[PDB]
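Below is one structure; the comments refer to it alone.
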Amino acid sequence: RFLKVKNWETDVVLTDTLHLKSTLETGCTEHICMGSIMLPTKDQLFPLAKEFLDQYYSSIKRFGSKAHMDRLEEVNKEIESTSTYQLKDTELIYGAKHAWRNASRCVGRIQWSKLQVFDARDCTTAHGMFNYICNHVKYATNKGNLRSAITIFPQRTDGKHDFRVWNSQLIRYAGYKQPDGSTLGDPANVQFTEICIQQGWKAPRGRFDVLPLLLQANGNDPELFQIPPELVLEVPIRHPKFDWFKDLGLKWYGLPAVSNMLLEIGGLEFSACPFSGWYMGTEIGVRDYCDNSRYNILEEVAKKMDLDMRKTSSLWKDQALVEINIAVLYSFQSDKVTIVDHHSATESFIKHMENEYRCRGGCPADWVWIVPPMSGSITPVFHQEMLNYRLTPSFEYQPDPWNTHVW
Amino acid sequence: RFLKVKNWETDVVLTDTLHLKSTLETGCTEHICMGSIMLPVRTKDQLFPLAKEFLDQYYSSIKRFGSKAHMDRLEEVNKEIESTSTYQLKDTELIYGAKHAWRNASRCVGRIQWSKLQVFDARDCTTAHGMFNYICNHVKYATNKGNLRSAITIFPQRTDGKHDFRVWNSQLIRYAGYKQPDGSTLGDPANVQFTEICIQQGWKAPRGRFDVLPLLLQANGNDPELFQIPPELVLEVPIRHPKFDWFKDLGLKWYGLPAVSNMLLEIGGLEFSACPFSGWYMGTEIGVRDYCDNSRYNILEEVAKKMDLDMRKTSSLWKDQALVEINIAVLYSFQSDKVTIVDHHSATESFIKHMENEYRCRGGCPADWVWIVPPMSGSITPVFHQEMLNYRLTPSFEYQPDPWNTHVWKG
Ligand code: HEM
Ligand code: HEM
Ligand SMILES: CNCCCc1cccc(CCc2cc(C)cc(N)n2)c1
Ligand SMILES: CNCCCc1cccc(CCc2cc(C)cc(N)n2)c1
Ligand SMILES: C[C@H](O)[C@H](O)[C@H]1CNc2nc(N)[nH]c(=O)c2N1
Ligand SMILES: C[C@H](O)[C@H](O)[C@H]1CNc2nc(N)[nH]c(=O)c2N1
Ligand SMILES: [Zn+2]
């Protein structure tokens, strides 16, 4: 019940006590582990509020103070009266920073406390949402000196007035199915790219077309907006040794900004809460470029390198994969855009674990997602035992809106 | 209850029902996942249900469930248990058991081969010298001049736990490791503790970088004894690179036969504490783990130096680059010497097919993602995008404590 985790490369052992505060469930049982599965009222709400406020007031060292008791009572009264409640600004920021802190799949959490929270709870329309989002993008981008941020739109009420951003990221490339059978641009976004045109977008049918935003305010029909290009920082991808690289026509965007998640704080559900940080290089180079169900460029790069692609055991895929990722990091760094390599990021995460075990009694972590998708065992997280559990406040998945929207 | 897993690369969905027949625990609860935790004297009381469950599986597989043969066997085993507190498996049962333990090994990517396991019954063995002889025959059979064949040798089962057979070596063939007074290590760092034991027991260590350890063998709960595997029986491969002529000068080699010998085979409640087993290597086991783990041979620096890579900023990905060349060398050398080896692309592709096949014909295939995914180039292999259910079936291979920690010395 007071659990141990061993690093197998360094024999370092940490004792986890924090897992006992785990509220939600994991998908696993004593009979089956689901560690690798992608996605396993008034009386409900007051305990949720209390749990949160208790941890809030404990974090500011006023646990069991008049302030605490008062606030606890204040919210208690509000729930009984309004069937919900509102967070003080301070709680909103605390909650968001902590939802990031508790995200077990996130390798970048060492930065958790330096998050800029933009309070967008006074927003009422989709045009307003657009303004807030452009402001977020411009701030976070910061001319390539990236800064973490989240913009928080109003909380769910009766579930009929939901704020939602339909894009999965604020900035993604469009995906169109060709008559010739293959796919142009990004296959992952084919369906969304449809629903854009299907809602009125005029698609340039190019390879790297920044998709428009599809913003839904107060449960209304969602609207289309084009992010000002001057706000969308992009990086043309070149290799520091292969001059033919450029002619592949590859570029990627600087700002990774997840927008389809649900932020949960003290029982409250913020269904529109786009958040951004900066890329780890492998996210673009390994996953975005080389996944079979994505830009799938391996064969072409390898051809250009004149590699023996006859037998899998020449490791030509591996050889190219490395070069591609050297180029991604190279380009980004050249153009002075923030990026981190998987070696540096994983090392920072280990340090972050140390700190969390030391000052918080633990750090929930999902090994399947923390270990980078290349060179797994030459990064230190590979050899690091991790305990995965769910703490709140949290970010959670939610259904795509098109499947849900009462049109 | 039905359960579905999805492959996110192909959207292929499968349904697991096999997990219902799962007996043992996982280590996970509803509130915690221990999926990346590495390691998460039995009475007649608990034994017969285990025997019956085994015998039931066995007789289903040969299409004789409920037959008189089935019923007599259950009767026979029942009687022998209460009579003698244990029981002996027929040869057919031992074989079925050992294959299935492999078949149920959720961390094993090479399971497509499971039905083709040569089982050597060593249950008549009484001494350590007898153990040495059996193991030598195993090594020679499995090696087959480089054309490797899967085998397991099975020594007598545990009785009162005071008379255990154990192979003290973690693998039948492994390189010695020696801690130097300056704190550096010569040879394989993973094997320092074991090497010291051997030296203590009287082994004369040549003290080089690739010394094949002696076998340290315990029969019938007696003190272990030392034996030197005849060198002519140990196949080794000099490592060279197909393009880098300086690679050979690094002075690297590895052995051809991966043969694990410190695990415990559990069949129908019986416990086989000495059951060395072998197959052939996936290239990354040597190339990524054995050579490039920081706590192993750790040759990344020197390979990268010789490649004259930019070793100043890690964002040069020099580590990744050297890692690939090193793994290219391992595969090239093995194929060149005609010693069976499989690359991680081929191995993972085959496991996916095996896995799908097992869902259709068995109703599931327990698999441990953390261990199935290769330690380099994870996401460009198909297992990365494959959801998997982990659960424990019997028969199974289990960990057991190192015997130097439990042994009662006779002197
Ligand atoms: C600052 C640099 C950051 C880096 C390098 C980073 C990196 C990553 C990576 C590689 C993943 C794996 C998911 C995937 O590969 O698709 C991930 C997941 C995640 N990140 Fe971070 N991230 C950063 C910032 C943030 C911020 C600012 C937030 C929220 C405020 C955040 C929240 C999350 C969450 C909730 C997940 C997992 C979502 C899920 O359950 O799938 N991250 N991150
Ligand atoms: C024939 C070719 C085989 C290949 C390529 C193969 C490959 C592997 C690999 C790479 C691992 C991961 C372990 C590590 O990385 O340290 C593994 C685990 C395992 N293998 Fe196989 N294997 C083969 C045959 C066998 C055989 C013949 C047996 C037993 C009869 C077996 C039983 C196991 C077991 C029980 C584990 C997991 C051990 C644990 O719980 O840590 N494998 N296998
Ligand atoms: C595929 N699983 C769901 C994807 C949703 C998601 C949530 C959080 C992060 C990511 C990866 C994109 C990303 C986002 C952020 C803020 C930083 C980063 N480095 N990378 C995806
Ligand atoms: C401390 N326990 C050491 C043994 C752990 C282990 C069990 C099973 C397989 C392995 C990997 C070595 C191996 C064994 C076999 C039979 C085949 C193979 N490719 N690779 C390690
Ligand atoms: C802590 C972590 O589970 C440990 O390092 C595991 C990770 N996955 C692995 N996978 C394989 N095949 N072999 C290993 O030794 C390990 N080690
Ligand atoms: C099925 C498996 O869970 C799936 O492929 C996961 C594996 N680990 C991952 N890890 C990261 N960082 N990102 C991912 O998208 C995935 N996908
Ligand atoms: Zn689990």
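For the numbers below, each heavy atom of this structure counts, side chains included, while hydrogens, waters and symmetry mates do not. By convention in this document, chain letters (A, B, ...) are assigned in the order of the sequence lines, proteins followed by strands, and residues within each chain are numbered from 1.
Heavy atoms of A/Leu24 lying under 4.5 Å from chain B belong exclusively to its backbone. B/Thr284 does not touch chain A: none of its heavy atoms, backbone or side chain, sits under 4.5 Å away. Contacts between B/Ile341 and chain A at a heavy-atom distance below 4.5 Å are absent for every atom of the residue. Residue contact with chain B, scored on non-hydrogen atoms closer than 4.5 Å, involves the backbone and the side chain of A/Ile37 alike. Looking at B/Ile328, both its backbone and its side chain come within 4.5 Å of chain A, counting heavy atoms on both sides. Contact of B/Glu325 with chain A is made through the side chain alone, with heavy-atom distances under 4.5 Å. With a 4.5 Å cut-off on non-hydrogen atoms, B/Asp16 does not touch chain A at all.
For the pair A/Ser104 (side chain) and A/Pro364 (backbone), a donor-acceptor distance under 3.5 Å is absent. Checked by atom type and distance alone, the side chain of A/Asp335 never pairs as donor or acceptor with a backbone atom of A/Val337 at under 3.5 Å. With A/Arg1 contributing its side chain and A/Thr17 its backbone, the two residues share no donor-acceptor pair below 3.5 Å.
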Can B/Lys306 and B/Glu302 be said to form a salt bridge (charged side-chain N to carboxylate O under 4.0 Å, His left out), step by step?
CA-CA 6 Å; B/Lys306 293 275 215 305; B/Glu302 207 206 345; 3.2 Å; yes
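Heavy-atom pairs under 4.5 Å with chain B were tallied for A/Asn292, A/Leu329, A/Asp318; the largest tally goes to A/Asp318. Comparing A/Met34, A/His31, A/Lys4 by heavy-atom pairs within less than 4.5 Å of chain B, the highest count is held by A/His31. Contact count versus chain B (heavy atoms, under 4.5 Å) is highest, among A/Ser344, A/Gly376, A/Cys33, A/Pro240, for A/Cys33. In terms of heavy-atom pairs under 4.5 angstrom with chain B, the leader among A/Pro380, A/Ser314, A/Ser36, A/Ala365 is A/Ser36. The residue among A/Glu25, A/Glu30, A/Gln333 with the most heavy atom pairs within less than 4.5 Å of chain B is A/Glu30. Looking only at heavy-atom pairs under 4.5 Å with chain B, the residue among A/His19, A/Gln319, A/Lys317 that has the most is A/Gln319.
The distance between the ring centers of B/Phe334 and B/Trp254 does not fall below 6.0 angstrom.
To the nearest 0.5 Å, atom NE2 of residue A/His342 and atom CE of residue A/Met280 are 8.0 Å apart.
Under the rule for a side chain to side chain contact (heavy atoms under 4.5 Å, CB included), A/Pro47 has no partner lying at least two apart in sequence or in another chain.
Closest heavy-atom contact between A/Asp186 and A/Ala188: OD1-N, 3.0 Å.
Under the 4.0 Å criterion applied to side-chain N and carboxylate O atoms, A/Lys351 and A/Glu356 are not assigned as salt-bridge partners.
Evaluated for a side chain to side chain donor-acceptor pair (under 3.5 Å) with A/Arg294, the options A/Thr183, A/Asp288, A/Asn189 yield exactly one hit, A/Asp288. Residue B/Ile286 is tested with B/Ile239, B/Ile326, B/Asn327, B/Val330 for a side-chain contact (heavy atoms from CB on, under 4.5 Å); the sole match is B/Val330.
Annotation: residues 383-391 of chain B contacts chain A through B/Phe384, B/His385, B/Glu387, B/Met388, B/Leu389, B/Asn390, B/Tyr391 [non-hydrogen atoms, separation under 4.5 Å].
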